[PDB]
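# Summary of structural features
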Amino acid sequence: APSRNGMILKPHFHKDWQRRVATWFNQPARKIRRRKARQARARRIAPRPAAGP
Amino acid sequence: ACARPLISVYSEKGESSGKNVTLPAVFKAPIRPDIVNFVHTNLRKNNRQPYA
Amino acid sequence: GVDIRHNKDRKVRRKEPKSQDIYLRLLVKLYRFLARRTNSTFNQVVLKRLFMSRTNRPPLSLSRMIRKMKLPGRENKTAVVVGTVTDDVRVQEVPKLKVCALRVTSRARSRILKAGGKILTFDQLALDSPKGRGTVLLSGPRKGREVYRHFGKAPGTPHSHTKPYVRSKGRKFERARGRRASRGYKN
Amino acid sequence: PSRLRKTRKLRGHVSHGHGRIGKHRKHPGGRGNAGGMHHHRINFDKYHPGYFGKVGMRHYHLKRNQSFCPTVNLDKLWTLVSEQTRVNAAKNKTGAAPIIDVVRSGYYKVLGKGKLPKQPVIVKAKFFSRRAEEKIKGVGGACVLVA
Amino acid sequence: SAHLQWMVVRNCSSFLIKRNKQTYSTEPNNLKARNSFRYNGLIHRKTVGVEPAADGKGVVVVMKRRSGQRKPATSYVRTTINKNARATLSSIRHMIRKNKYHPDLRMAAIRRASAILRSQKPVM
Amino acid sequence: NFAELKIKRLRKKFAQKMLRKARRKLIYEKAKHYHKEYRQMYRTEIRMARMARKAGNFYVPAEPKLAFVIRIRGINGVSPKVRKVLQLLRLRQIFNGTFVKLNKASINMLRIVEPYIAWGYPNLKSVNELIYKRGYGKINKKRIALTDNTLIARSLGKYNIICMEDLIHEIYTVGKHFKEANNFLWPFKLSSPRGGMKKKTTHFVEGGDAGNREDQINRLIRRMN
RNA sequence: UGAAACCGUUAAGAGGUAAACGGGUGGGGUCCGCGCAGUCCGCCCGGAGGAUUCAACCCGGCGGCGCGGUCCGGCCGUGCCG
RNA sequence: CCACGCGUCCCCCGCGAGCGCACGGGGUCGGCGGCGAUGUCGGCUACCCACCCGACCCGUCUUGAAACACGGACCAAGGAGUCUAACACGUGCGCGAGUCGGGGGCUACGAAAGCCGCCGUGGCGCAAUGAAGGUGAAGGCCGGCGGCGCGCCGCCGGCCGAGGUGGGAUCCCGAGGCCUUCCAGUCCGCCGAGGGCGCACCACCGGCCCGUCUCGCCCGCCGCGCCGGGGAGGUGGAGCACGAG
RNA sequence: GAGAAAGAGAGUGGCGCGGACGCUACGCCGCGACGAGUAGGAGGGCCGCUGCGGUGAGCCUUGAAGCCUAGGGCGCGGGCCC
Ligand SMILES: [Mg+2]
Ligand SMILES: [Mg+2]
Ligand SMILES: [Mg+2]
Ligand SMILES: [Mg+2]
Ligand SMILES: [Mg+2]
Ligand SMILES: [Mg+2]
Ligand SMILES: [Mg+2]
Ligand SMILES: [Mg+2]
Ligand SMILES: [Mg+2]
Ligand SMILES: [Mg+2]
Ligand SMILES: [Mg+2]
Ligand SMILES: [Mg+2]
Ligand SMILES: [Mg+2]
Ligand SMILES: [Mg+2]
Ligand SMILES: [Mg+2]
Ligand SMILES: [Mg+2]
Ligand SMILES: [Mg+2]
Ligand SMILES: [Mg+2]
Ligand SMILES: [Mg+2]
Ligand SMILES: [Mg+2]
Ligand SMILES: [Mg+2]
Ligand SMILES: [Mg+2]
Ligand SMILES: [Mg+2]
Ligand SMILES: [Mg+2]
Ligand SMILES: [Mg+2]
Ligand SMILES: [Mg+2]
Ligand SMILES: [Mg+2]
Ligand SMILES: [Mg+2]
C-alpha cells in the first residue's frame, strides 16, 4: 500500500537475512591483529624491505 | 576577539618565570556549546559494547 | 456562543530561531532591539531572516553577488545576505565589494579580500548603519534546491513537467507505459 | 531517542494513533509493491508513469568503463589550471598561449557552456563539442586532440 | 566576552540549582543569590560581592579589578568593614556609587549587608 | 546652562495646553450647534404635518435612513445564506446590535435574516444611550471602551469626527462617512431583555419579536440596556 | 523488608428503597498550629543611661576613572606600507 | 451668552501667581466592638455520619449501549508501534562546487580518540537527452572582399557584450518642511510629494542543448563518398537560462 | 498618551554626596478577543521509571531504598514535598 508520492523500491529482505548477518564488532580487533602480524613480520625479516619485494 | 595576550610560563615553585609565550589563536575560537554537546553525544556512543 | 471558526486562529510564524547556537541568538538579541526601536523596515526583514531555516536561507554565490551589484545606482553600497556568500568559480574578474553576511566561505573571503573589498558581519553592520541606511539586501535562490523539481503537479498527468522519484535513472526505469504513445499512452 | 518519539504521547489513547473504525491490521493492501495494474493503478499512474513495460535494446555484457567520457564546461575550463598561468597569460605580451591538458585533470570531453575569457589557449582533449571548439576558435586558440 | 559566557552559563552552570519552581545560583560574588544576568558575579569585568567576615562580626566587600581578568588570584580585592551598621552601609554606598563601580548593584549590596549585620547582632 | 532650555519646555507645554483648551471649546460649540439642529429636525416634521392637515392633504414623512438590528436567535442550526448575511451585519453572538443605514441593497439583506433579527427605527435617545453605555470602538482591531474623546479623534479625525456627539451625529443624521463611523463602532453587546421577549420564533406582526418593529424598537432597546 | 486482595479482634460512627458516587453544607472525631492577651520595620521627638566616639586633618596601603584636550614605556591586530 | 483689552491697514453693514473642593485614569477609614490556659479558638482539604439536589457500569464494535450484545470474581507482579535497511520531506549542525574516510594504514579508561591527502580509489553532486549509433546547453553591430532584378552576408579585422515585460520586501534620489522674540543663515538628524536601481518568488514572451517531423539552400577536406557540418519553422525531454550539494 | 508626517538639535551674523523594584531578554510587563469535542494531528511538562557522561566539597548507621498512616501541605492535573 504505497502512499502519495515516493520511490517504489525493491528491498532484498524477502529471504531469511537475520540468520546470515555479518556484524563488524571485531573491526578494531582485526586492525590490531593485522598490525601485530605486520610488526612481527617486519621484525622477522630483519634488514629486508618491510613492504616486501 | 582579535587580541592575543602574553601568557606567562610558571616554574615548579609556583611563581612566574621570565618565559612568556603569546596566547595561541585556538583560545579565540568561537565557543559553541551546541557543537560541543552534539559531538560529545555522538562520540560517547562509540566506546560502547553491544548487548542482546 | 460566538459564530467564528478557529481554524486559522493561530498564526504560524516563527518568533525565535530553532537553532540553539549562541552567536546567532546574540544577533537576534541585537536585532530585536534594533527592530522595535527604529522605524527602519530593513531591521524587521533582517530580524525575520535571522529566524529562518537553512532551506529558507539559501547560499548566494559570488557571481550573483557581483551581478546584482553591477546594476546602476547601487555603487559604493554595502550589500547584505543573511545566508552564505559562497564562491563561484566560473567568474574571473571580481570588483571590490562591501559584503555583510553570517558566514562567508573561506575561498570567497580570499577572493573578495584579494580584490580589496571588505567583509562585515552583522554586529559590525549594526555599528556601521543601525537603520540599514545605504544597504542592498539580497537573498539566494530559494527555489534552487532540487526538491522543488519533485513538487507541483504530479507526473503521469498532461502538461506536468515534474521529475518523478526514480531509484536509478536509466532506460528501464519509468520509460515505458505512461511515457510513450507506442506503449499505452503519452502525457 | 525513544524519549522524543511519538509513542510516549500515545500512552493511554486506546487505539495508539491508528483508529477505532479501521484497526491497524497487518497488510491490507498486499505486501510490497503489490497490485500494480489492479488496485493501485491509480497511484502507479498518478505518480510513477512509465513503470510497466519494456523499451529499448538489451545490451548483455555492459561495461561502464568502455563508455567513460566525463565532461567539463568552458566556464570551468580555467579552474583546471592554477591562477598563475592565466595571470601570466594576461600579462604576456608575446602571445604565448597557456597549454591546458584536460585529461590530466580527469575530464575526457570538453563541452562549451559558458563565456570563456578573452585570452588564447591550447586546449588538448580527447573529444570536443562543436560549440566548444568554435568558442575556443572565437577566443583564438587551438583544439589539440589526444588519444 | 560577557554575553556569550552568560548564554553558556545560564542553564549549564554548577552553581545553578533548580527546584520548587525557583531558580538560584550559588556563585560566591552573587548579590540576591539569584540566576540572572545583572547579579551573576563570574562573568563581568566589574563586580561587587558582599560576604560575612572570617571573624564572627564584620562584612567583607569584594571588588573585581579591571586588569587581571584571566588571573583569578590577583583579581578580587577584599576589604573588611567591622563598624557600626550605618557607616558600613555608607561605606558600601560610597564605594559603589562614587567610584562608578557597577551602579546597578548599589542597592542590592546594601540590602545584603543589612541582612548580614542583622544576623551578626545577637539572636532574640 | 538650563535657563532657556528650561523655559521653552513649559512654553511648549503651555502651548499644547492652550491647544487642548481650544479643542474643548470647539467641541462644546459643536455640541450646541447639534442641539439646535436636532430641535429643528424634530419641529419641522411637526410643522409640515400641520401645514398639510391645515389644507386637508397628507404629509408622508421621509422613510428613515437608519435602523438598528439585534440578533435574537442563537448560533445553532443556521442556514448558510442566512448565516453569511448575519456575518456581514456583524451580528455574531446572540443579542448583538448594529446600526445599519437603509437602501435597496440593505433591506433585501435584512429580509433574508428577518426570522433571526429584530430591527426598527431607533430614536435619538436610543442612539445617544447606546453610544454612551454600550458603545466601544474597533481601535487597532482591538476593543477599547470609549472613555475619552481622543480615542474617537485619533481613529476618525480625518472624517471630522472628533468628539462623541460627532459620532452620534454621524450615526443618527446619517452622514457622508457613515460607513467608516459605524464600522468604527464595535457591535453592541446588548444584554438579555428585562421583562422578557414576547415570542422569539414568530414575527412582530403575528405577536412575536422577529422582523421589522418600526417605532417599537426603542421599547426593546430601553430594556436591553 | 513483609505491601494488596481476604480474614480475626479492638475503637469510633452508622444502618428499611443493595452498596457506591458528584455538588453543597452541618454534626462528631482524630491530630496540627507547640495558638490560647498577639505582629513588626525604618525616620523624627522626649526621658534616663553607657562608650574611648563622629566630622575635619596627618601618615601608610589598596582600588576606580574634563581621557594627562596631546605624560612616558610596552604588547597586540581576523590592519596597512616601506 | 465657553463674549471682555489697546494700538495699526482694509472689505461690508505663546511661560500670572497661589491655595482649595471634587459624580474626575478600579477602596479606603488619619472608624470601631467582643472573647480567650485546661476548656476553648482556627484547620477550606483528609476519617466517619446525616440531609437536599443530582446520579444506570466500565472497556468495546456500532447509525445508535445501562442494555435481554460480548470481556471482567478480587488482588500483586509481568504485559503490546520496537530494532535493521531503503526512500521521501521538514528541521538543527559543519563545510561549500564541492563533500564524506564509512574500507585500509600510522601512532585501565581506550574495541575510544587522533592522524593520512600521491590512501579521493569510490559514492553523491557539478549535464542533459536518445531505444541506439550518438550529440551535448545566448547572441548582436560595423568595414572589405523583381550573389543579384546570402536592401538581405559566404569569410575575415574591430566593438558591445549572456535577455525582456508586469508585480515586487528592501533600499537610493529629494518639491518642500519639522517654531521660542524676529530676519539672514551653515552643519547633524528626521518627515515627505514625485521619480529611479529593483532581491527572492510568481505569471507571460523570447533564447540555447538532445530526440523527432517538415521546408530549403550553403559550406569543409588527407581520404570529394550511400562522407561530415550548418540554417528556418513546429513539436517530444525528469534539461540550460550565473550553482546547491 | 499625544486627534494632525516630522528636533524636549547644535552654531554664526542685528551648604547637605542622596534617588524603591527591575532585565533567569527562552526574562518581565501591557492591552483586546476567545475556550465544546470522538477518529486523528501537534505543542509543553520544575509529570513519572531505569541506566550513562557531567555536576551538587549532595544526602546516609545521630538510620538510605522500600512499606503504612484519622498528620501538615503544594500543584488544574500527571505527581511531589514535609
Ligand atoms: Mg494510509
Ligand atoms: Mg464562549
Ligand atoms: Mg474547536
Ligand atoms: Mg490551525
Ligand atoms: Mg483522543
Ligand atoms: Mg496515525
Ligand atoms: Mg475497538
Ligand atoms: Mg485502514
Ligand atoms: Mg469499515
Ligand atoms: Mg502497518
Ligand atoms: Mg482486475
Ligand atoms: Mg434548534
Ligand atoms: Mg424580574
Ligand atoms: Mg519475615
Ligand atoms: Mg461498634
Ligand atoms: Mg433525586
Ligand atoms: Mg466488541
Ligand atoms: Mg466489525
Ligand atoms: Mg448493530
Ligand atoms: Mg462510529
Ligand atoms: Mg434490551
Ligand atoms: Mg448472548
Ligand atoms: Mg465478539
Ligand atoms: Mg463473563
Ligand atoms: Mg511520503
Ligand atoms: Mg532538509
Ligand atoms: Mg550509485
Ligand atoms: Mg478543546
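Residues numbered from 1 in each chain as written, not as in the entry; some residues may be left out. Chains lettered and ligands numbered in written order. Part of a larger assembly, values for the part shown. Heavy atoms only, no water.

Looking at the PDB entry, one finds chain E named eL28 and attributed to Oryctolagus cuniculus. Its PDB title, taken directly from the record, is "Rabbit 80S ribosome with eEF2 and SERBP1 (rotated state)". Under the heading Function (literature references left out), UniProt records this for chain E: "Component of the large ribosomal subunit. The ribosome is a large ribonucleoprotein complex responsible for the synthesis of proteins in the cell." The record in UniProt for chain E states the following under Subcellular location: "Cytoplasm". (UniProt positions renumbered as here; feature names shortened; annotations may be inferred.)

As recorded in the PDB entry, chain C goes by eL18 and comes from Oryctolagus cuniculus.

## Digging into the overall build of chain C
Check the secondary structure of chain C and you find five helices and seven strands. Along the chain direction, N to C, the helices and strands of chain C fall in the order α-α-β-α-β-β-β-β-α-β-α-β. Here the C-alpha radius of gyration of chain C, 22 Å, is well above what a compact globule of 187 residues would show, namely 16 Å. Each principal axis of the C-alpha atoms in chain C carries an extent, and together these give about 70 × 65 × 35 Å. Relative to its 187 residues, chain C shows a buried fraction of 37%. Pairs at least 24 apart in sequence give 47% of the contacts found in chain C among residues at least 6 apart. Of the roughly 12,400 Å² of accessible surface on chain C, 48% is carried by carbon and sulfur atoms. In chain C, 50 side chains carry a positive charge and 12 a negative one; their mean positions are 6 Å apart. (Helix = DSSP H or I, 4+ residues; strand = E, 2+ residues; numbered from the N terminus. Rg over C-alpha atoms; globule rule 2.2 N^0.38 Å. Buried < 20%, exposed > 50% of the residue type's maximum accessible area, 1.4 Å probe, protein only. Contact = heavy atoms within 4.5 Å. Areas by Shrake-Rupley, 256 points an atom, 1.4 Å probe, with all protein chains shown as cover. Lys, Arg positive; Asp, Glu negative; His and termini not counted. Charge placed at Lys NZ, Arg CZ, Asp CG, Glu CD.)

## A look at the side chain of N182(F)
Residue and element names in this part refer to chain F. Relative to the helices and strands, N182 is located in helix α7 (residues 178-184). Given a relative accessible area of 8%, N182 falls into the buried group. Beyond its immediate sequence surroundings of up to four residues, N182 is in contact with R90, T98, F99, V100 and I171.

## What about the arrangement of the chains?
Take the eight pairs of chains in contact: the one carrying the most contacts is chains C and D. The two units chain A and chain E remain apart, with a minimum C-alpha distance of 35 Å. With respect to C-alpha atoms, chain B approaches chain F no nearer than 41 Å, and the pair has no contact.

## Some words on the interface of chain D and chain C
Interfaces are often sized by the amount of accessible area the parts lose when they come together. Listed per partner, the contact involves 23 residues of chain D and 19 residues of chain C. Buried area between chain D and chain C, both sides added, is near 1,800 Å², and the carbon and sulfur share of it is 52%. It is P49(D), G50(D) and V55(D) in chain D that bury the most area against chain C; as a group they hold 33% of the surface buried on that side. Scanning the region where chain D abuts chain C turns up one salt bridge. Linking chain D with chain C are seven residue pairs in polar contact. Tallying contributions element by element places helix α1 (residues 41-46) of chain D first for the side of chain D that touches chain C, with three residues. (Buried area = accessible area lost by both parts, 1.4 Å probe. Salt bridge = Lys/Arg side-chain N within 4 Å of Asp/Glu carboxyl O. Polar contact = N/O pair within 3.5 Å; in protein donor to acceptor, adjacent residues only side chain to side chain.)

## Concerning the protein's contact with RNA strand H
Residues in contact with RNA strand H amount to 116 residues; listed here are only the nearest, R38(A), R32(B), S61(C), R64(C) and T135(C). Across the atoms of RNA strand H situated within 4 Å of the protein, the share located in sugar and phosphate is 72%. A distance of 2.4 Å is found between a phosphate oxygen of RNA strand H and a backbone nitrogen or oxygen belonging to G134(C). Note that a sugar or linking oxygen of RNA strand H is positioned 2.2 Å from one of the backbone N or O atoms of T135(C). Broken down by element, the surface near RNA strand H gets its largest block of residues, eight residues, from helix α1 (residues 4-55) of chain F. Class assignment of the residues belonging to the surface near RNA strand H gives a composition of 33 nonpolar, 34 polar and 49 charged. (Near = heavy atom within 4 Å. Nonpolar A, V, L, I, M, F, W, Y, C, P; charged D, E, K, R; others polar.)

## Focus: the interface of chain A and chain C
The interface of chain A with chain C comprises six residues on the first partner and five residues on the second. Counting the surface lost from both chain A and chain C, the interface buries some 440 Å², and carbon and sulfur atoms represent 62% of this. Ranking the residues of chain A by area buried against chain C places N5(A), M7(A) and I8(A) at the top, with a combined share of 74%. Seen at the junction of chain A and chain C, the total is zero residue pairs in polar contact. Here the residues of the side of chain A that touches chain C sort into three nonpolar, two polar and one charged.

## Quick word on the pattern of salt bridges
With the rule as written, the count across this model stands at 17 salt bridges over all chains. In this structure, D21(C) engages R32(B) in a salt bridge whose closest nitrogen and oxygen atoms are separated by 3.4 Å. Here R32(B) lies in the loop between β2 (16-22) and α1 (33-44) and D21(C) lies in the segment before α1 (22-36), a pairing that spans two chains. Residue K137(D) pairs with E133(D) through a salt bridge whose shortest N-O separation is 3.3 Å. Taken as a pair, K137(D) and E133(D) lie in helix α4 (residues 130-139) at a separation of four residues, close to a single helical turn. Connected through salt bridges with shared partners, the residues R32(B), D34(B) and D21(C) form a single ionic network.

## Details of the protein's contact with RNA strand G
In the vicinity of RNA strand G, the contacting residues are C2(B), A3(B), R4(B), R109(C), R65(E), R66(E), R86(E) and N99(E). In RNA strand G, atoms within 4 Å of the protein come 90% from sugar and phosphate. Take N99(E): an N or O atom from its main chain is 2.8 Å from a sugar or linking oxygen of RNA strand G. Here the residues of the surface near RNA strand G are counted per class, giving two nonpolar, one polar and five charged.

## As for the nonpolar core
Membership of the largest hydrophobic core comes to 34 residues, with the highest contact counts inside it found for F68(F), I70(F), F99(F), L167(F) and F188(F). Elements with a contribution of two residues or more to this core: α1, β1 (66-71), α4 (124-134), α5 (149-156), α6 (164-172), α7 and α8 (217-224) of chain F. If sequence neighbours within four positions are ignored, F68(F) has contacts with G97(F), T98(F), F99(F), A118(F), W119(F), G120(F), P122(F), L130(F), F188(F), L190(F), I217(F) and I221(F). Of all hydrophobic cores here, the second largest spans 20 residues; its members include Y39(E), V48(E), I92(E) and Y101(E). (Core = buried A, V, L, I, M, F, W, Y, C linked by side-chain atoms within 4.5 Å.)

## Points about the sheet that holds strand β1 (residues 71-73) of chain D
Residue and element names in this part refer to chain D. Taken together, the three strands give an open sheet; going across it, the order is β1-β3-β5, and neighbouring strands pair in parallel fashion. The open sheet is flanked by β1 and β5 (127-128), the only strands paired with a single partner. The pairing of β1 with strand β3 (residues 109-111) spans three bridges and is parallel. Bridge pairing in β3 links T71 to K109. (Pairing = 2+ DSSP bridges.)

## Quick notes on the environment of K8(C)
Residue and element names in this part refer to chain C. Inspection of the secondary structure assignment puts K8 in the segment before α1. With relative accessibility at 76%, the residue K8 sits in the exposed group. Each C-alpha atom, one on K8 and one on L47, is 24 Å from the other, the two residues being 39 residues apart in sequence.

## Some points on α4(D)
All names here are of chain D. The complete set of buried residues in α4 reads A132, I136 and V139. Looking down the long axis of α4, one finds its buried residues gathered within 65 degrees of arc, a one-sided arrangement. Residues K137 and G138 are exposed on α4 and point more than 90 degrees away from its buried face. On its buried side, α4 packs onto β3, β4 (122-125), β5 and β6 (142-145). Of the residues that open α4, the one with a side-chain oxygen 3.4 Å from the backbone nitrogen of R131 is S129. Two residues or fewer after α4 comes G140, characterised by a positive phi angle close to 95 degrees. (Arc of directions from axis to C-beta.)

## Quick look at α8(F)
Residues and elements named next belong to chain F. Among all positions of α8, only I217, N218, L220, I221 and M224 are buried. Angular distribution of buried residues about the axis of α8 spans 155 degrees; they occupy a single face of the element. Residues of α8 that are buried in the fold lie against β1, β3 (117-120) and α4.

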